[PDB]
Amino acid sequence: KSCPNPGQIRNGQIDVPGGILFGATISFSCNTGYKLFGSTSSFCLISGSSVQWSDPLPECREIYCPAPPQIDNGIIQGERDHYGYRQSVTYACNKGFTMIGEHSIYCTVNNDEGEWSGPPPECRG
């Protein structure tokens, strides 16, 4: 009448409103910048004639912004493969072009989807 220790959800949290013995229900969630895919909850049942969880732990996938735009007469100081929450991008102009705007922008989330905070800067010579 006692379930297996819940376990860890990478980039997630398991909340146990009251123990894990027969009858308990633990909840699943994902840290900011991650959406859940799988069970949102699990119950300690007595399947057959044994005590175990009802649902498997879920996964939390990284919410990524789309690929950052490119600016004419300027470049991305080391662009990345994937961009996640909090992670930014920094732009630069070419050697005769004066920057007009936003030096660096950064990846924010918005309804489980990664969007950039602002527009990329422009580069005027």
# chains A, B, ... in the order shown; residues from 1 in each chain; ligands from 1
>>> residues_around(residues="stretch 120-123 of chain A", least_positions_apart="3", cutoff="9 Å", atoms="only C-alpha atoms", output="ChimeraX atom specification")
/A:68-74,91-94,97-105
>>> write_last_selection(atoms="N, CA and C atoms", output="tab-separated table (two decimals), in the first residue's frame")
chain	number	residue	atom	x	y	z
A	68	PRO	N	16.14	33.86	-35.26
A	68	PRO	CA	16.21	35.32	-35.28
A	68	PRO	C	16.44	35.93	-36.67
A	69	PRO	N	15.68	36.97	-37.02
A	69	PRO	CA	15.82	37.64	-38.32
A	69	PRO	C	17.26	38.05	-38.63
A	70	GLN	N	17.50	38.43	-39.87
A	70	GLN	CA	18.82	38.86	-40.29
A	70	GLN	C	18.67	40.30	-40.70
A	71	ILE	N	19.68	41.12	-40.42
A	71	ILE	CA	19.61	42.51	-40.80
A	71	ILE	C	20.67	42.85	-41.85
A	72	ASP	N	20.26	43.56	-42.89
A	72	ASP	CA	21.16	43.97	-43.95
A	72	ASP	C	22.25	44.86	-43.37
A	73	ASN	N	23.44	44.79	-43.94
A	73	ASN	CA	24.54	45.61	-43.46
A	73	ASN	C	24.81	45.42	-41.98
A	74	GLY	N	24.56	44.20	-41.51
A	74	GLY	CA	24.78	43.84	-40.12
A	74	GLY	C	24.68	42.34	-39.92
A	91	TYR	N	23.01	42.00	-32.12
A	91	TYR	CA	23.31	42.36	-33.49
A	91	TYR	C	24.44	43.37	-33.59
A	92	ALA	N	25.01	43.49	-34.78
A	92	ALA	CA	26.07	44.45	-35.02
A	92	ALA	C	25.94	44.98	-36.44
A	93	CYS	N	26.44	46.18	-36.68
A	93	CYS	CA	26.39	46.77	-38.01
A	93	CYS	C	27.74	46.58	-38.64
A	94	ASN	N	27.82	46.80	-39.94
A	94	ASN	CA	29.08	46.66	-40.65
A	94	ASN	C	29.88	47.95	-40.50
A	97	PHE	N	28.24	51.47	-41.28
A	97	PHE	CA	26.85	51.53	-40.95
A	97	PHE	C	26.64	51.82	-39.48
A	98	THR	N	25.85	52.86	-39.24
A	98	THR	CA	25.51	53.28	-37.88
A	98	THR	C	24.22	52.57	-37.45
A	99	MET	N	24.23	51.98	-36.25
A	99	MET	CA	23.05	51.28	-35.77
A	99	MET	C	21.90	52.19	-35.37
A	100	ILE	N	20.71	51.80	-35.82
A	100	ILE	CA	19.47	52.51	-35.58
A	100	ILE	C	18.49	51.64	-34.81
A	101	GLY	N	18.70	51.58	-33.50
A	101	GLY	CA	17.81	50.82	-32.66
A	101	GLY	C	18.37	49.87	-31.61
A	102	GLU	N	17.59	48.81	-31.49
A	102	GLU	CA	17.71	47.66	-30.61
A	102	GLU	C	18.99	46.80	-30.74
A	103	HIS	N	20.04	47.09	-29.97
A	103	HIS	CA	21.28	46.29	-30.02
A	103	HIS	C	21.02	44.79	-29.90
A	104	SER	N	20.37	44.40	-28.80
A	104	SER	CA	20.05	43.00	-28.57
A	104	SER	C	18.59	42.86	-28.18
A	105	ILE	N	17.97	41.77	-28.62
A	105	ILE	CA	16.59	41.44	-28.29
A	105	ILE	C	16.65	40.14	-27.50
>>> closest_residue(among="A:22, A:35, A:41, A:57", to="residue A:8", atoms="only C-alpha atoms")
A:57
>>> residues_around(residues="residue A:80", least_positions_apart="2", cutoff="9 Å", atoms="only C-alpha atoms", output="PyMOL selection string")
chain A and resi 67-68+78+82-83+89
>>> write_last_selection(atoms="C-alpha atoms", output="short mmCIF file (atom, residue, chain, number, x, y, z; two decimals), in the first residue's frame")
data_model
loop_
_atom_site.label_atom_id
_atom_site.label_comp_id
_atom_site.auth_asym_id
_atom_site.auth_seq_id
_atom_site.Cartn_x
_atom_site.Cartn_y
_atom_site.Cartn_z
CA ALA A 67 15.14 31.69 -35.80
CA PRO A 68 16.21 35.32 -35.28
CA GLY A 78 27.32 34.24 -32.90
CA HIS A 82 17.91 27.02 -30.74
CA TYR A 83 16.75 30.03 -28.69
CA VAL A 89 20.69 37.64 -29.54
#
>>> residues_around(residues="stretch 63-65 of chain A", least_positions_apart="4", cutoff="12 Å", atoms="only C-alpha atoms", output="ChimeraX atom specification")
/A:11,30-36,69,80-89,105-117
>>> write_last_selection(atoms="C-alpha atoms", output="short mmCIF file (atom, residue, chain, number, x, y, z; two decimals), in the first residue's frame")
data_model
loop_
_atom_site.label_atom_id
_atom_site.label_comp_id
_atom_site.auth_asym_id
_atom_site.auth_seq_id
_atom_site.Cartn_x
_atom_site.Cartn_y
_atom_site.Cartn_z
CA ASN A 11 12.46 20.96 -16.18
CA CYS A 30 6.77 22.36 -16.19
CA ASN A 31 9.03 25.25 -15.30
CA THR A 32 8.71 28.48 -17.26
CA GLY A 33 9.73 28.16 -20.85
CA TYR A 34 8.56 24.58 -21.10
CA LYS A 35 5.24 23.04 -21.97
CA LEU A 36 4.05 19.68 -20.74
CA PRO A 69 15.82 37.64 -38.32
CA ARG A 80 22.49 29.95 -31.95
CA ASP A 81 20.96 26.62 -32.96
CA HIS A 82 17.91 27.02 -30.74
CA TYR A 83 16.75 30.03 -28.69
CA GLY A 84 15.04 29.59 -25.35
CA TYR A 85 13.33 31.74 -22.74
CA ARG A 86 15.72 34.44 -21.37
CA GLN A 87 18.31 33.68 -24.04
CA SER A 88 19.03 36.64 -26.28
CA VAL A 89 20.69 37.64 -29.54
CA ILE A 105 16.59 41.44 -28.29
CA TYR A 106 15.67 38.35 -26.38
CA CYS A 107 13.51 35.28 -26.37
CA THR A 108 10.27 35.57 -24.42
CA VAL A 109 7.36 33.12 -24.31
CA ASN A 110 3.68 33.82 -25.01
CA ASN A 111 1.04 31.09 -24.90
CA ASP A 112 3.66 28.33 -25.04
CA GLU A 113 5.38 29.81 -28.01
CA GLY A 114 8.64 31.74 -28.21
CA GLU A 115 8.51 35.25 -29.64
CA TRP A 116 11.14 37.98 -29.60
CA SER A 117 10.79 41.03 -27.34
#
>>> decode(residues="stretch 1-19 of chain A", atoms="N, CA and C atoms", output="PDB file, in the first residue's frame")
ATOM      1  N   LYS A   1       0.799  -1.257   0.000  1.00  0.00           N
ATOM      2  CA  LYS A   1       0.000   0.000   0.000  1.00  0.00           C
ATOM      3  C   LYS A   1       0.824   1.297   0.000  1.00  0.00           C
ATOM      4  N   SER A   2       1.989   1.271  -0.655  1.00  0.00           N
ATOM      5  CA  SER A   2       2.854   2.452  -0.772  1.00  0.00           C
ATOM      6  C   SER A   2       3.492   2.530  -2.149  1.00  0.00           C
ATOM      7  N   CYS A   3       3.229   3.614  -2.866  1.00  0.00           N
ATOM      8  CA  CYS A   3       3.772   3.784  -4.207  1.00  0.00           C
ATOM      9  C   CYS A   3       5.284   4.006  -4.313  1.00  0.00           C
ATOM     10  N   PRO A   4       5.799   3.948  -5.549  1.00  0.00           N
ATOM     11  CA  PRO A   4       7.216   4.158  -5.794  1.00  0.00           C
ATOM     12  C   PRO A   4       7.424   5.655  -5.698  1.00  0.00           C
ATOM     13  N   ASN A   5       8.575   6.048  -5.193  1.00  0.00           N
ATOM     14  CA  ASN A   5       8.884   7.454  -5.123  1.00  0.00           C
ATOM     15  C   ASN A   5       8.565   7.952  -6.538  1.00  0.00           C
ATOM     16  N   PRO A   6       7.800   9.043  -6.648  1.00  0.00           N
ATOM     17  CA  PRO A   6       7.379   9.675  -7.905  1.00  0.00           C
ATOM     18  C   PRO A   6       8.470   9.745  -8.972  1.00  0.00           C
ATOM     19  N   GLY A   7       9.563  10.433  -8.650  1.00  0.00           N
ATOM     20  CA  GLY A   7      10.665  10.577  -9.584  1.00  0.00           C
ATOM     21  C   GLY A   7      10.896  12.042  -9.923  1.00  0.00           C
ATOM     22  N   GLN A   8      11.794  12.318 -10.865  1.00  0.00           N
ATOM     23  CA  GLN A   8      12.032  13.703 -11.246  1.00  0.00           C
ATOM     24  C   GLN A   8      11.566  13.945 -12.662  1.00  0.00           C
ATOM     25  N   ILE A   9      11.037  15.139 -12.869  1.00  0.00           N
ATOM     26  CA  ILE A   9      10.592  15.588 -14.166  1.00  0.00           C
ATOM     27  C   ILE A   9      11.630  16.625 -14.557  1.00  0.00           C
ATOM     28  N   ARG A  10      12.383  16.349 -15.611  1.00  0.00           N
ATOM     29  CA  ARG A  10      13.396  17.280 -16.047  1.00  0.00           C
ATOM     30  C   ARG A  10      12.685  18.537 -16.528  1.00  0.00           C
ATOM     31  N   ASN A  11      13.022  19.652 -15.885  1.00  0.00           N
ATOM     32  CA  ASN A  11      12.463  20.960 -16.178  1.00  0.00           C
ATOM     33  C   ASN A  11      11.016  21.018 -15.751  1.00  0.00           C
ATOM     34  N   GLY A  12      10.703  20.204 -14.751  1.00  0.00           N
ATOM     35  CA  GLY A  12       9.350  20.132 -14.236  1.00  0.00           C
ATOM     36  C   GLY A  12       9.296  20.008 -12.734  1.00  0.00           C
ATOM     37  N   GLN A  13       8.074  19.972 -12.223  1.00  0.00           N
ATOM     38  CA  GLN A  13       7.829  19.880 -10.805  1.00  0.00           C
ATOM     39  C   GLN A  13       6.739  18.846 -10.521  1.00  0.00           C
ATOM     40  N   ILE A  14       6.917  18.047  -9.472  1.00  0.00           N
ATOM     41  CA  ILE A  14       5.917  17.054  -9.078  1.00  0.00           C
ATOM     42  C   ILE A  14       5.452  17.564  -7.733  1.00  0.00           C
ATOM     43  N   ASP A  15       4.164  17.831  -7.600  1.00  0.00           N
ATOM     44  CA  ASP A  15       3.618  18.330  -6.345  1.00  0.00           C
ATOM     45  C   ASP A  15       2.894  17.155  -5.733  1.00  0.00           C
ATOM     46  N   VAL A  16       3.079  16.943  -4.431  1.00  0.00           N
ATOM     47  CA  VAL A  16       2.442  15.825  -3.737  1.00  0.00           C
ATOM     48  C   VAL A  16       1.560  16.371  -2.621  1.00  0.00           C
ATOM     49  N   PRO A  17       0.312  16.748  -2.932  1.00  0.00           N
ATOM     50  CA  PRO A  17      -0.603  17.293  -1.919  1.00  0.00           C
ATOM     51  C   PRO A  17      -0.870  16.459  -0.659  1.00  0.00           C
ATOM     52  N   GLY A  18      -0.185  15.324  -0.514  1.00  0.00           N
ATOM     53  CA  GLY A  18      -0.384  14.513   0.677  1.00  0.00           C
ATOM     54  C   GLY A  18       0.096  13.074   0.660  1.00  0.00           C
ATOM     55  N   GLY A  19       1.409  12.870   0.571  1.00  0.00           N
ATOM     56  CA  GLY A  19       1.930  11.513   0.550  1.00  0.00           C
ATOM     57  C   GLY A  19       1.804  10.772  -0.782  1.00  0.00           C
TER      58      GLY A  19
END
